[PDB]
There are 4 protein chains.
Amino acid sequence: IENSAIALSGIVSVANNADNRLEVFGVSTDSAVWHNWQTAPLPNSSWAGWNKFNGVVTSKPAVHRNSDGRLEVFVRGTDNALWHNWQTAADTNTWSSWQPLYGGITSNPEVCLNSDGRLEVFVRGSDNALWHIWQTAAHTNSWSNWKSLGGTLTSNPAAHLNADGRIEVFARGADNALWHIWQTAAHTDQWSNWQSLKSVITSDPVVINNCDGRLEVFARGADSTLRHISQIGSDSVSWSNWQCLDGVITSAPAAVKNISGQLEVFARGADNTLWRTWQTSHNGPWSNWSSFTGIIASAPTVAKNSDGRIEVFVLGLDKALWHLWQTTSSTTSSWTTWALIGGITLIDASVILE
Amino acid sequence: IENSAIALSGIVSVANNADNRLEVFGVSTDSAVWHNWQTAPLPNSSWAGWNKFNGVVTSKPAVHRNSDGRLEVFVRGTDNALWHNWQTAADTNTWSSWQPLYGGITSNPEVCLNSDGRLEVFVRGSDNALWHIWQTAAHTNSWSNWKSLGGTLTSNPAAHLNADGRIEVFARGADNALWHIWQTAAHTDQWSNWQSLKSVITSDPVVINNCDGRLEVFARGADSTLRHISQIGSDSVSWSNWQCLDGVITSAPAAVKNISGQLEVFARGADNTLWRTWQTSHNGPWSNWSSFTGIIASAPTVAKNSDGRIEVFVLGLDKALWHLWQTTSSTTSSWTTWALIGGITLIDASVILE
Amino acid sequence: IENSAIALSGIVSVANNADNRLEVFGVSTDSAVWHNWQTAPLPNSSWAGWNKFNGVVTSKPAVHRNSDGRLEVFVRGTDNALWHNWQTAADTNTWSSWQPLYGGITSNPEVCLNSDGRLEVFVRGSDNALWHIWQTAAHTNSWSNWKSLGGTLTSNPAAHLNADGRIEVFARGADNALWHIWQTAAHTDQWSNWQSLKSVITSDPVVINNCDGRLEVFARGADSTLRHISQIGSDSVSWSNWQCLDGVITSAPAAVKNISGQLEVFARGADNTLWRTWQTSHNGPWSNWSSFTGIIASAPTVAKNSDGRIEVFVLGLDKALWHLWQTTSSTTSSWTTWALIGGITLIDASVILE
Amino acid sequence: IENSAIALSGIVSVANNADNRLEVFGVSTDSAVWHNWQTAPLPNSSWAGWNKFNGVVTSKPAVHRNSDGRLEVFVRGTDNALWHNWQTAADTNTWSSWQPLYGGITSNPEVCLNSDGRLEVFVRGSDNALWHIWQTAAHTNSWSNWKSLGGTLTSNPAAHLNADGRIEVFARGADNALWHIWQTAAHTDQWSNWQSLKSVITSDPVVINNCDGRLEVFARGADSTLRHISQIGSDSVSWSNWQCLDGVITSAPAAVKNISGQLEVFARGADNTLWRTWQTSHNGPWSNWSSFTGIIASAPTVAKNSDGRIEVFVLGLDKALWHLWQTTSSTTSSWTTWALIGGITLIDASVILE
């Protein structure tokens, strides 16, 4: 493993609809985005079937729910520009056609929802800097001009809200270390300078908030194990030391907070099966990795259902989408075995960063 | 203080719009509902001014945001039936006229949002039982028939979601004790039997969730001090003992979780000023009560702004609405002094339960 | 229940020998101190049998282990002066005769071990002030002169070390409130002024340290329920609000930290049986009281064995000493039923404070 | 760094006397054990001066306080047998001459105090197995015969009590992994089988208990960073995954629990200065390493004074003993700079394990 490697990513993007039904977005062999959704917001629900958005795309799709409940998808087009399309009403399967946001992007798009209800998109630009564009009014198809935040990115960006509403963005830099930059006031265009968090990383960063309000960042390290760092104060400049966990992982990690408020991390393990680790107590030590039966061909994508149950999506060896879930809304629940969401095969359309 | 007393309630109901701007609803001297809203989602924002909904009402209004971002208000009419009106689009100040939901109600209405996106309303009925009615599809003006959950209520009901999506409802019973009843599966019409939590209470119950997922209930006790009880397991049947805190309070309490994940409680104190107490550590002991200058004439109503800052609304001695807020997004922030939201005077339209 | 009442106390004092065998001290119908000890440091051990110290006493005996492992007992004599006697070697049943420390005392004695190895005794004096006397060298029969700390005491004193080695003393004052006073530097004769913790109490105070280093104080309140308060900072002046727990208790409480670091409290309940409550999580909420079968005639005295198992001693209706213990070294262990430590009957020799 | 390396150890062993004065034991250029002690139990106390025990030794000395307060030192002699000598009374500077315990030992000795007051010594034997010998009565010069616990050791052993009084012993095995073995009942000669904790380690293991009762083990790993693992249940068989902390260390670590109950770790860092890291919250994340000025030539040895203040001892470049300490009994206290405990120079007499 080399310092500039980027671990295998998830094969779909997932979102909860306004009524919390899960909906997945991926790219098929026709290079178009397809999507599928639960018919009811429970993991054992039937799925509607795969439906196509017309248009050829050249990145992994990113999806986020607007503050009025409508899903909106962002993707790079054949012109290397940003395109988006949206549900025309919450919980409806009527969509716009792809609409242009222009620009020139060289990474997958990352979408955040500001705490004033406005979507904001972060991408690597043609000059390898971080660029962003935002809705100028909440849940409205009115966007700003493109603006640069500088820097030099060698991974996809990952964005998350701090507890006080300030967006913070994480990305690997030219030295293969994790860097970050943040709004200095909530949902405004006033930003810090770039700062290094020092450690080399070999995956995109994955960010989650704990109960205490503080951000935690997970990534694969140079020795191919999971490592993590967390905010220790009230601001974006006070961080812990990095810690690693034993166990070689072969994909990006995926993190989720269970309904007991504890963190869980999923990743493809050294034997190409799905591995899971969880915090055993508040802030506590981490469990040994547990493995699920079955070889997988992507990183996991993890979501929560309306009753709190965790559900995991992966690419199978047959190049189709599989999933499994918790049988009960309990931290020690047993899990189902992999089930197929059949109808199309999927490709990894992630932008090749080099 | 007698066992059947119900402490003074808050004078307004508050909600966050889809873009997180606060909006308050109260009843004026014309017995109509009026509302006012922030023009931007920050506590130092200007307010738009008081606007009237036509129609005479006979209860405190209850407000909740739909899963598509539209606010919806519920109130008892002059016919003792339930009426509602809604924003016709998220973050817009265009409303329906009051529309009928019928029934016969003898308490203030309480509204909950199920985790599948459907609003559900709980009221005491003409037979003193708990009744409820729900949207049959998420964020849609299609409602069920009225259905009884039984029991005998001597307070307004308070409802909250468990971490697994099950609604749980709390209300004082015929013996002046706190009782509760819960969905046995998330967002379904399958309910438990009524169970007593034993302690006498002299206010409506106030329910909040902690980070661990568990519900905590606050109420005034028979000796006029604050008392509280919390779930200790994974279900609705395992509760702690009751604990009281020293200090006589003269209103219902209001509880909020700050951005550090700790709980804070506000109440009118024995000297008729606003009092505040907070948890000093995770699950920790509670601080001595702190007082704010100024005599108040209602219980506090507490809300959070888009940047996490807590804001408190009270009725002043001039019968107008006043508010104060935290100066910074920090747990140890200083507070502003009371400021007026002028333009109308307010009355307490709470249903007299005896 | 009146504000000046002092709840029933424990009938024996207990200590661990240098090898951790438990040894109990009580007063029999001959007004002499008798003692009995485990033959091995396990709760199911046989006991040696009751042995008498010659001499008539007029208070409950207090016992503490010296820093060289020798037990030492303190008691008021027929002359109202303080007397003491000691093991002449650790884990040996050879004792000195009662030896005089003079003074004039009007409460039971309370003994503390300073963190520099010197015993220090606290008593109410003939002028109702707090007085103390100390070893001038660790584990040596060389004592200081008597010195007054002032104040007005209406309970027995309770002393405990802070985490930094400063002794802090708690006692009810003339206004029936809990007061305290503390060393301002570890194991030195430099003391603070008296300060009130405000709440009325109707038992002696009981003090324990939690894992965080902080002191917690338990007492019965004016409504005959358990109440407690805890340090919230790094010093002796920052305390939480008082909290009460529901449930009427009819004796002083006894507190212990179990081997999981959680606190447990035992007391005689409203039905004259032994009641137990425990913290369900770190700093967490408290369980409902659980009852053990059997009417008891004293407060419990609680100790821990060499394997961590909790053991409880009480006076039975037959005026003899009974005990029960945990069956395993686990927080959720079951308990044995009461067993007799037969051979003498015991009287409550506690000094009548009025 | 190779898998079989054993990091540099501390240059002295330290103990608290019965009155909590610190006393240090090391080996000088004459191959004899010398010791020095505080004259009062405070870090700014003067020290008595270096005093010699007659006799040539061939290991680092181990010291433990007996349950009657007397210090006792264990060391390998020129005959490769175990020898010991003891204070003849607590807090006295009168010692026995070295007395024989025989055996054949190939590591430094490790001493534990059972919870029934009996010392027990663990050593690697001439067959590379773990051997032990124990006092047959508490604080008495009567010892058992030597007994083997089997295994194959490639480090010195480290022993610690579990919260329930069971001794647990940790040592590196033939595969360079950390192994452990434990008493299955407190202070009895009934032991488990050896079990692997799997990770390679390149230092002796260092064991400490947290507040929750659970053991935590620290060691240097194969990549020369600090790693740690902790018990997650009520027994000796349930452990967390291993975690590493960033930062190359060049000595064994030393761990201590501060008076707030949080853990701190000291080690020589990659630049040969003393480094310190601490837990920022309960169980929490670990701080970045902080450095103290001054090149050091051993691992640190860490102790606590009677007022809770941490004190650290190291070998200086002048081959003399230096120390520094906290200025106040507070977790965020500043520290003094290195001060000399002059009078002799010290050598590292640690047994060469290969």
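Our structure's up above, just so we're on the same page.
Residues numbered from 1 in each chain as written, not as in the entry; some residues may be left out. Chains lettered and ligands numbered in written order. Heavy atoms only, no water.

### Let's talk about the arrangement of the chains
A minimum C-alpha distance of 10 Å separates chain A and chain C, which share no contact. Looking at chain B next to chain D, you find no contact at all, with the nearest C-alpha pair sitting 10 Å apart. (Contact = heavy atoms within 4.5 Å.)

### Looking at the sheet that holds strand β17 (residues 206-209) of chain A
The strand order β17(A)-β18(A)-β19(A)-β20(A)-β20(D)-β19(D)-β18(D)-β17(D) describes an open sheet built from 8 strands, whose pairing is antiparallel. Where the open sheet ends on each side, the last strands, each with one partner, are β17 of chain A together with β17 (206-209) of chain D. The mean inter-strand angle of the sheet, taken between neighbouring strand axes irrespective of direction, is 25°. As judged from the 3 bridges shared by strand β19 (residues 225-230) of chain A and strand β20 (residues 243-248) of chain A, these two strands associate in the antiparallel manner. Paired with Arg227(A) across the bridge in β20(A) is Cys244(A). (Pairing = 2+ DSSP bridges. Helix = DSSP H or I, 4+ residues; strand = E, 2+ residues; numbered from the N terminus. Axes fitted to C-alpha atoms, helices over the stretch in contact; angles between N-to-C directions.)

### A word on the relation of the copies chain C and chain D
The two chain copies are related to each other by a rotation about an axis together with a translation along it. Under the fitted operation, chain C is carried onto chain D by 0.0 Å of movement along the axis and a turn of 180°, and the coordinates agree to an RMSD of 0.0 Å. Here the two chains are linked by the operation of a two-fold rotation axis. Taking C-alpha positions as reference, the residue of chain C nearest the rotation axis is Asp68(C), located at 2.3 Å. An overlap of 100% is found between the interface residues of chain C and their copies at the interface of chain D, pointing to a shared contact surface. (Least-squares fit on C-alpha atoms.)

### With respect to the relation of the copies chain B and chain A
Overlaying chain B with chain A gives an RMSD of 0.0 Å, the required rotation being 180° about an axis along which the chain moves by 0.0 Å. A share of 100% of interface residues in chain B that are also interface residues in chain A marks the association as one of identical surfaces.

### Examining the interface of chain B and chain A
Of the residues lining the interface, 30 residues belong to chain B; the matching set on chain A comes to 30 residues. Taken over both partners, the interface formed by chain B and chain A buries close to 1900 Å², and the fraction arising from carbon and sulfur atoms is 54%. At the junction of chain B and chain A, the tally comes to 0 salt bridges. Residue composition of the side of chain B that touches chain A, by class: 9 nonpolar, 14 polar and 7 charged. (Buried area = accessible area lost by both parts, 1.4 Å probe. Salt bridge = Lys/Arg side-chain N within 4 Å of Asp/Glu carboxyl O. Nonpolar A, V, L, I, M, F, W, Y, C, P; charged D, E, K, R; others polar.)

### Some words on the pattern of salt bridges
If charged atoms from side chains of opposite charge come close, those side chains can pair. In total, this model carries 40 salt bridges over all chains according to the counting rule given. With its nearest N and O atoms 2.9 Å apart, the salt bridge here joins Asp307(A) to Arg309(A). Its relative accessible area of 11% is what places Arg309(A) among the buried residues. Notably, a salt bridge pairs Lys147(B) with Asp189(B), separated by 2.5 Å at the nearest N-O pair. Remark: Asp189(B) occurs in the loop between β15 (177-182) and β16 (195-200) and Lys147(B) occurs in strand β12 (residues 147-150); sequence separation between them is 42 residues. Here the salt bridges share partners, and the residues they tie into one network are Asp19(A), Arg21(A) and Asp91(A). (Buried < 20%, exposed > 50% of the residue type's maximum accessible area, 1.4 Å probe, protein only.)

### Description of the packing of aromatic side chains
All names here are of chain A. For the coordinates displayed, the defined rule picks out 48 aromatic pairs over all chains. Ring centres of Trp47 and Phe313 lie 5.9 Å apart, and the angle between their planes is 75°; on these two criteria the pair is classed as edge-to-face. With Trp47 in the loop between β3 (32-37) and β4 (51-56) and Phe313 in strand β26 (residues 310-315), the pair connects residues that are 266 residues apart, well separated along the chain. In this structure, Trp47 and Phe313 share a single accessibility class: buried. An aromatic cluster of three or more residues is present, and its members are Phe25, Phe53, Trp95 and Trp98. (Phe/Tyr/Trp six-rings, centres within 6.5 Å; stacked < 30°, edge-to-face > 60°.)

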